[PDB]
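Participant: one piece of my complex first, more on the way:
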Amino acid sequence: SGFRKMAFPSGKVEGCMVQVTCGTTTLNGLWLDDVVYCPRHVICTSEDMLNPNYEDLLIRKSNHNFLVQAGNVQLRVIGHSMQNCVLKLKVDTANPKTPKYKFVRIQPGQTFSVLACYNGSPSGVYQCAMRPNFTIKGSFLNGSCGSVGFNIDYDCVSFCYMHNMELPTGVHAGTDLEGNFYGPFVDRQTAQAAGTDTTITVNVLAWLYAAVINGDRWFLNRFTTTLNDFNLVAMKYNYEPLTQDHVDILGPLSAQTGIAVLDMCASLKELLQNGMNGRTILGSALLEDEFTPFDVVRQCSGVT
């Protein structure tokens, strides 16, 4: 029993982290086959960062201007190209620790593990959701850029995130491994707005299922509701509208617990309308939306 914000084991990603230095700027790179991926803003001086012309800045750089270091080992750069907001440095050496991997553009509401790195060395690992407004609630200091978010599927590492910047609200923004930002953000040191941040309804429901499975049942009420009725209440509280697809995804959890999704919806509506009255669910005094239905079933069936 017990339910915990659980990260993927980080060993296969640790083996891909390198240090990328261009002039004074140092951040983390991802070393897969003979290509090192990092944020293109490694080429910026603190001045460039206010409104950089990446095209013009990159032209003053050649392969020898990119210092790539794995442990104490200095890699030889034999090619450089800019793809959106990612720099790809061709190196003479294929990473002998390259896991089986894919690049995936993850959907809002899905989760992933962040391996927070500095100077190409791992610091720690934590689970994040891609929020509806394409930000994450991370822990990132200077030097953390190039740190990556990933899922593991048995042997296959799926990289989905590369850390780039912190917004004025203190939340975090980054790119997929093709260098395309999640959300409307650009890699320049200007004030940038994430949209209103809405709660991931299907994830809140999964976590209430997770709680029921763990013997927290107090919030279970005598009521039911419909999607429209519930969605009226969802809109009021900035919850994402629930859909039959969301119901279908919860099916396994519904069928395991024997609690109809719309009954759980009625429970959530009363939680949302009355608060928790100083009570807690799975050791939290707020409704948690950073667990997917998959996250719940993995942790509850002991997937490795």
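Facilitator: Everything's here; your move. Numbers count the residues shown, from 1 in each chain, chains lettered A, B, ... in the order given.
Participant: gap between the two ends of stretch A:172-182?
Facilitator: Terminal residues of stretch A:172-182 are spaced 10 Å apart (CA to CA, to the nearest Å).
Participant: So what pairs up with residue A:116 in the strands?
Facilitator: Beta-bridge pairing for residue A:116 (DSSP bridges): residue A:124.
Participant: Report the contact partners of it.
Facilitator: Residues near residue A:116 by CB atoms under 8 Å, 6 or more residues apart in numbering: A:122-126, A:138-140, A:144, A:147. Quick note: C-beta positions are derived from backbone N, CA and C, even for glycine.
Participant: what about the closest residue to residue A:169 other than its chain neighbours, distance to residue A:45?
Facilitator: Once flanking residues are discounted, residue A:169 sits nearest to residue A:194: 6.7 Å by CB to CB, 6 or more residues apart in numbering. When distance is defined by CB to CB, to the nearest Å, residue A:194 is 27 Å away from residue A:45.
Participant: neighbour count winner among those two?
Facilitator: More crowded of residue A:194 and residue A:45, by other CB atoms under 10 Å: residue A:194, with 19 against 12.
Participant: now that one: how far from residue A:185?
Facilitator: Separation of residue A:194 from residue A:185 (CB to CB): 8 Å.
Participant: One more: residue A:143?
Facilitator: 20 Å.
Participant: Likewise for residue A:280?
Facilitator: Using CB to CB, one obtains 35 Å as the distance from residue A:280 to residue A:185.
Participant: Also residue A:3?
Facilitator: 32 Å.
Participant: go on, residue A:301?
Facilitator: Residue A:301 is 36 Å from residue A:185, by CB to CB.
Participant: more neighbours, the two?
Facilitator: Shown here are residue A:301 and residue A:185; by other CB under 10 Å, residue A:185 has more neighbours (19 against 9).
Participant: Just give the nearest non-adjacent residue to the more buried one, would you?
Facilitator: Spatially, and ignoring its direct neighbours in sequence, residue A:185 is nearest to residue A:173 (4.3 Å; CB to CB, 6+ apart).
Participant: Please identify the helix or strand for that neighbour.
Facilitator: strand A:172-175 (DSSP states H and E).
Participant: quick one: buried residues of that strand?
Facilitator: Of the residues in strand A:172-175, A:172-175 count as buried by neighbour count, 16 or more other CB atoms under 10 Å.
Participant: contacting residues for residue A:1?
Facilitator: Listed by CB under 8 Å, 6+ apart, the contact partners of residue A:1 are A:214-215.
Participant: I'd like to know how far residue A:212 sits from residue A:78.
Facilitator: In terms of CB to CB, residue A:212 sits 56 Å off from residue A:78.
Participant: cool, residue A:113 as well?
Facilitator: Counting by CB to CB, the separation of residue A:113 from residue A:78 is 32 Å.
Participant: Put this one in as chain B:
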Amino acid sequence: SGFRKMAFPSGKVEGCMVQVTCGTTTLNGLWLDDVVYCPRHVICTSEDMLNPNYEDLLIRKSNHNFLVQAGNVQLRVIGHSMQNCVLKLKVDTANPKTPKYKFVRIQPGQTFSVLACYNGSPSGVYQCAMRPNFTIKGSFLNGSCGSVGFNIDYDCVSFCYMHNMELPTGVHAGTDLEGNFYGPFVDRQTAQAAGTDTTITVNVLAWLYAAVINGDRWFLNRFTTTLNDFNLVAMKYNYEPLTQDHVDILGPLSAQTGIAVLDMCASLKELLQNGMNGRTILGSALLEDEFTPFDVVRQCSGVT
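Facilitator: If we add chain B to the chains shown above, we get the following:
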């Protein structure tokens, strides 16, 4: 910016996990040099578990009765010994992936990362505190025993925990790597009581410091207090009494933020006496006690 429940990178511990099978029972083992460590209750049948005589049960077992598997690789067992509640299986092969390591008996209030495993394969990683009552609030299913808790100090893995059992309250109990239980627990399937579970005051203070550092300052009040006065209020709310040692440990955080420990104590007293009035601190609606002062300074200075 940002503050997250962060686990250590798990790569060095992943390389030490093996599968130990005795008869039908399978759990995880830790493979360091030519010794595999696992819970001695691997030798129990479901019947034995109610009141096992480990001495008599172990005597019916020889080296060939211990099936040790690393990946698809079957290790040869050339020796077995019981040390408290741990079985040490001597194997013919030294683990070529053995990290630099120590066995440490960790203090209550200190934190560690758990690499949750099944069949010797990693499932995920999360941070736990050893509670004052020598239990942890984990996520552990059947097969999870042998899963270990550890800290990393640069190159050195410090193993402190090996998972053994879940108590009726749904919290978790285990041994150090010498097989000595944390707390009054024994490895038998009987009802066992952890003591009253008290809050780790020094950790709550570190986290309020963590919050101030992250721009959450609302709870900062105009009051101060003394240790005795504060400790009167601590006893009332089942907080561990605060000591000059605890103050000295917070010194760095106090000196960084410019907020006296006793002023922060006065803030905590009002939080404890008035609750949070529906407000949140670092995205929590409860006072968090599973961050040590070290945890806060590591995450805030980007230690790797």
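Participant: Repeat for the contacts of residue A:1, accounting for chain B.
Facilitator: A:214-215, B:139-141, B:166, B:170 (CB atoms under 8 Å, 6 or more residues apart in numbering or on different chains).
Participant: export those to a markdown table and tack on neighbour count?
Facilitator: As requested, these are exported to a markdown table (neighbours: other CB atoms under 10 Å in any protein chain shown):
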| residue | neighbour count |
| --- | --- |
| A:214 | 17 |
| A:215 | 9 |
| B:139 | 22 |
| B:140 | 24 |
| B:141 | 15 |
| B:166 | 18 |
| B:170 | 15 |
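Participant: Of these, just say which sits nearest to residue B:57.
Facilitator: Nearest to residue B:57 out of the contacts of residue A:1 is residue B:166 (CB to CB; 21.5 Å).
Participant: Can you spell out which helices and strands pack onto the strand holding residue A:173?
Facilitator: In terms of contacts (3 or more CB pairs under 8 Å, 6 or more residues apart in numbering or on different chains; DSSP states H and E), strand A:172-175 is packed against strand A:156-166.
Participant: Repeat the analysis, applying 10 Å as the threshold.
Facilitator: Applying 3 or more CB pairs under 10 Å, 6 or more residues apart in numbering or on different chains; DSSP states H and E, one finds that strand A:172-175 contacts strand A:35-39, strand A:148-153, strand A:156-166.
Participant: rewinding a little: nearest to residue A:290 among the contacts of residue A:1?
Facilitator: residue B:139 (15.0 Å).
Participant: Check which helix or strand the closest one maps to.
Facilitator: When elements are assigned from DSSP H and E, residue B:139 belongs to no helix and no strand.
Participant: So it is in contact with residue A:3, correct?
Facilitator: Yes: using CB atoms under 10 Å, residue B:139 is in contact with residue A:3, at 5.8 Å.
Participant: joint contacts of the two?
Facilitator: A:214, A:299-300 (CB atoms under 10 Å, 6 or more residues apart in numbering or on different chains).
Participant: now, which of those residues lie within helices?
Facilitator: Assignment to helices by DSSP state H places the following of the shared contacts of residue B:139 and residue A:3 there: A:299-300.
Participant: Which member of the shared contacts of residue B:139 and residue A:3 is positioned nearest residue A:92?
Facilitator: Checking the shared contacts of residue B:139 and residue A:3 against residue A:92 by CB to CB gives residue A:299 as the nearest, at 42.2 Å.
Participant: pretty sure that closest one is touching residue B:123, no?
Facilitator: Yes: in terms of CB under 10 Å, residue A:299 counts as a neighbour of residue B:123; the distance is 7.9 Å.
Participant: Give me the common contacts of the two.
Facilitator: Residues touching both residue A:299 and residue B:123 (CB under 10 Å, 6+ apart): A:6, B:116, B:139, B:141.
Participant: For chain B, what's its nearest residue on the stretch 1-150 of chain A.
Facilitator: Residue nearest to chain B within the stretch 1-150 of chain A (CB to the nearest CB): residue A:11, separated by 3.2 Å.
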